[PDB]
Each structure stands twice: as structure tokens, then as C-alpha cells.
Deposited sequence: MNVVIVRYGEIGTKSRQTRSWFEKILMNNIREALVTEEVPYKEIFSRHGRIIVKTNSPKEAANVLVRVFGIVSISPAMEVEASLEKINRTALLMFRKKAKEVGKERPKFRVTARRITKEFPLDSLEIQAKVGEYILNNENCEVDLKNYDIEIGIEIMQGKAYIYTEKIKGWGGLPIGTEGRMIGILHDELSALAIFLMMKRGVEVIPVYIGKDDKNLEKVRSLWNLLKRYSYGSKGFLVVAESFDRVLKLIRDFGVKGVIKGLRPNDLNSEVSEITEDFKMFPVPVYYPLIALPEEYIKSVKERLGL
């Protein structure tokens, strides 16, 4: 394989959404030591050219704004090369499935329409080619292998995996806020807001540093979902430092881990910007599903 296909309402225009998302993808790969040659957005998708597609994919699953990810092989769009590459990918996957006669299907999509054959014809010819070289059978309902094919600007992208991303919005597309971090709950609140496209500056309040080591541990976990932001924990010894942080970095909101009025009234007055409580405002079922996927 040589690339990773990245598939993705926002207050950002389409072009800025893509530029910010590509920025975050770039920062994630650099931070996690995954090599890549290029990153570009064309015809609604982002292509990351890299010789470490599997490693890249694993990382990109944590980048908000991404719906699905597909490690893949990019080849010249010719029936000959598409057939050979599709068979090569099928055999690698078949080896992993471990069945003598795996069920499969082919799914092709012409992003751009210059290729002379339509999706149906591509799927039929590729299926016939595979059927002539491996013991297997076509099954459109239940299959062990799915050969996906996307053709765009004279290139064919062939894959067998469609990894689900976290969805949400790209970090930085919905502004910048500070997140008051002190426990697992406040940490979850920060995660839920980053998924909403908010760049968060985590802050630990207080001179007393007994709970600081524990907090740094929490941030180290959250950091893996913060690509695009500086991701530096700010320790504020007193409140004047928090207000200064808000002013100096153009913060537009404050996130707290309050869970389900008095504190809310007091919060409203002590902060010069709106305070958000994700654990209270968002649907319980949604939060539940997020916790479940995070294994909490």
C-alpha cells in the first residue's frame, strides 16, 4: 500500500474545513512519528501518501472530523493494473481471514468520470478476475472481504479496509476555549468539546500541587485526541493568571466538568466569557456511547 484515503454541520466553509483538517492530520502524524510524503484534498476526500499506511490509519482514527479511513494502494487507472492490484489486496486480506473459500464483493466508485467503464462493469470484471485466480464466491449480503475501488483523476485507489473514525468536527474549526482540568469527569468534558471542533487549552488551577501529577496523567491521555492544538497544560497559581490566559490567547469560552445552578450563577460572573458544561447540556445517551467507545 502507498496511501490512506481520508473521508469526511460546520460553521466553517468547505475549503477551510479541509485546510484545518489537513493541518491536524499533519500534526498528528508528525507527533506520532508516522512518515508521509504528501497530504492533499481532492474531490471531497483527503489523500495521505505514505509508506506506513496502517500506522497512519491507526493514528488518524483519533483525528476529529474524519468519518472513515482506508489504507490503500494507488495505481494508474487501467483495467489491467486495477485487476492485478485488486487481486494482490484480496490475497493479503484472504490470508488474514483464514478461510479456504472466502465470500466477497467489489464496490467501485468513479469520483471523476474519465475512466471508460462504469462502476458496475468495473465490479464485474474485477470480480471475474479474482474468481479466476482464487477459490472464493461472490456474496453481496455477507462477505469476509470487500474490495473497494475509488477512481479519481486517472488514479485508482484500492483497499479492503474502511476504518471508522470518531466523526465530529476538526479541532480549531469552532474556536478556542480553556478547559478546567482536575478529574476524569472534567477530562471527559474536554474530550466532548474537542470533538465539537473546539481547540482546548487545558488548565490546572491552584498553588497546591498534590493533584498535579494525576492531572498531567489525565492530560497525557487527552493529548492523543488533541492534534492541531498546542496541547500544553497550563498551571495557574491564582485566578488572575486564568483571566490573563483568556485575554492573551483570545479564548472565547471556558469548559467545566460539572454534572447534573448556584455554581453556574457564580461561574457566569467570575468568567468574562461563556462557561460550558458538556456533561449537563449533551444527551445522556450520547455521552454513554462516547464513554463506551473509549472503554470508560
| Where are the gaps relative to the deposited sequence? | 9 to 13, 266 to 271
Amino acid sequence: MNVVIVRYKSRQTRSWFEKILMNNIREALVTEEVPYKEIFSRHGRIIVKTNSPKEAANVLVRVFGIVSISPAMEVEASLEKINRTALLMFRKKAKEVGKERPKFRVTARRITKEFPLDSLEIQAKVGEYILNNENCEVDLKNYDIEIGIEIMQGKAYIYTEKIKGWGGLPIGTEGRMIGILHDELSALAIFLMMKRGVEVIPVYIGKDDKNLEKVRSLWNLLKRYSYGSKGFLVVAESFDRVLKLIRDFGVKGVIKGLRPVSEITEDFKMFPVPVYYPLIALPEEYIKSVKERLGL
From here on, numbers count along this sequence of modelled residues.
| message | When the Cα temperature factors in the entry are averaged, is it 224 to 232 or 64 to 72 that ends up higher? | response | 224 to 232
| Of 21 to 29 and 279 to 287, the one with larger mean CA B-factor | 279 to 287
| task | Determine which member of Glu199, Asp183, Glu150, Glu134 has the highest CA B-factor, using the values in the deposited entry. | result | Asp183
| request: Going by the CA temperature factor in the entry, name the top one among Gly253, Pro53, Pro260, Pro35. | output: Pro260
| request: Compare the C-alpha B factor of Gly127 with those of the other modelled residues in its chain, then answer lowest, middle or highest third. | output: lowest
| So where's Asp240 on the chain's Cα temperature factor ranking, which third? | lowest
| task | Using the B-factor values recorded in the entry, state whether the Cα atom of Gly179 falls in the lowest, middle or highest third among the modelled residues of its chain. | result | lowest
| field | Ranked against its chain, the third holding the CA B-factor of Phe115 | value | highest
| request: Relative to the other modelled residues of the same chain, rank the CA B-factor of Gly206 and answer lowest, middle or highest third. | output: highest
